[PDB]
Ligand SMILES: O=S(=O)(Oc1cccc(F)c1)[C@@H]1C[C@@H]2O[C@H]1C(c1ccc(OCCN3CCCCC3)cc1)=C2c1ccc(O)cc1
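In structure tokens, one chain follows: the form solved without the ligand.
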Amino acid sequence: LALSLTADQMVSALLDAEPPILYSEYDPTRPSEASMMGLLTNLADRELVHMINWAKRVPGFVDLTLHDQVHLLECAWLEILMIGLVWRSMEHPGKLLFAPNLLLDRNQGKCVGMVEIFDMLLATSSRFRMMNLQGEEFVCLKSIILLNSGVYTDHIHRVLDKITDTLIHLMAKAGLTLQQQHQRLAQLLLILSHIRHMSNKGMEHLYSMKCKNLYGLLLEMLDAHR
């Protein structure tokens, strides 16, 4: 099924899969660490629901057993929320756009030791901005994350191979020489190693936010990582 898709068709299915951007309950009258984290965890919890329904529509995903689907999402969930975050923030140098009504710079991250995760996210957004990452490439990278993060932890590999073919096809179409397609391909996939690093750090930061007073799904996804 997913294996018989062409590059354009893979791109159409992924762009059409994209989840909505959500609003936070940010009250800019209302001044806190508890409330700021409350606003972010409320948002992430609503985003987890749309992610689950987005994952279902990624070519190849529903061919997995329930168990495996559960597993890949347990590994990938914070990485996917993070690259989605970094992508919407691309055009706000110096800021993270948690939602259209919640744009924070790094000083507002002091409110919570979250400032170290903020800066990491800022520098990834900058990286994306330098490379002028495209919407089409972004949706490929996000699908590579879901599929790759928990794979080591076959059909999955065939599908990952197709998404690589699609990335290269986006880059030939964008006028890039053979040598440049492969370099861009490396740089894009090298960023995913940084994304995995920020997700391990953010997990540790989340765990210790709970272990010194979260929701259902979010707490569940957090506990998956022990």
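Just count from 1 along the sequence shown to find any residue number.
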Missing from the model but present in the deposited sequence, between residue 153 and residue 154: 10 or more
Deposited but uncoordinated residues in the residue 112/residue 113 interval: 1 to 3
Mean Cα B-factor comparison, 41 to 49 or 194 to 202, giving the higher one as deposited: 41 to 49
140 to 148 versus 102 to 110 - which carries the larger mean C-alpha B factor in the record: 102 to 110
For residue 133, the third of its chain into which the C-alpha B factor falls: middle
Residue 54 CA temperature factor, ranked by third within the chain: lowest
Residue 178, C-alpha B-factor rank within chain (lowest, middle or highest third): highest
Residue 187, C-alpha B-factor rank within chain (lowest, middle or highest third): lowest
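Below: the form deposited with the ligand bound, not depicted.
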Accessibility of shown form to the ligand in the deposited bound form, site-C-alpha superposition, 2.4 Å backbone/C-beta rule: blocked
In the deposited bound form, segment of 41 to 49, 57 to 65, 160 to 168, 183 to 191 with a heavy atom within 4.5 Å of the ligand: 41 to 49
In the deposited bound form, residue 129 touching the ligand (heavy atom, 4.5 Å): no
Heavy atom of residue 135 within 4.5 Å of the ligand in the deposited bound form: no
Residue contact check: residue 206 to the ligand in the deposited bound form, 4.5 Å heavy atom: yes
Any non-hydrogen atom of residue 151 within 4.5 angstroms of the ligand in the deposited bound form: no
Heavy atom within 4.5 Å of the ligand in the deposited bound form - the one residue of 145, 121, 72, 139 that qualifies: 121
Sequence-ordered list of residues in 156 to 174 near the ligand in the deposited bound form, where near means a heavy atom within 4.5 Å: none
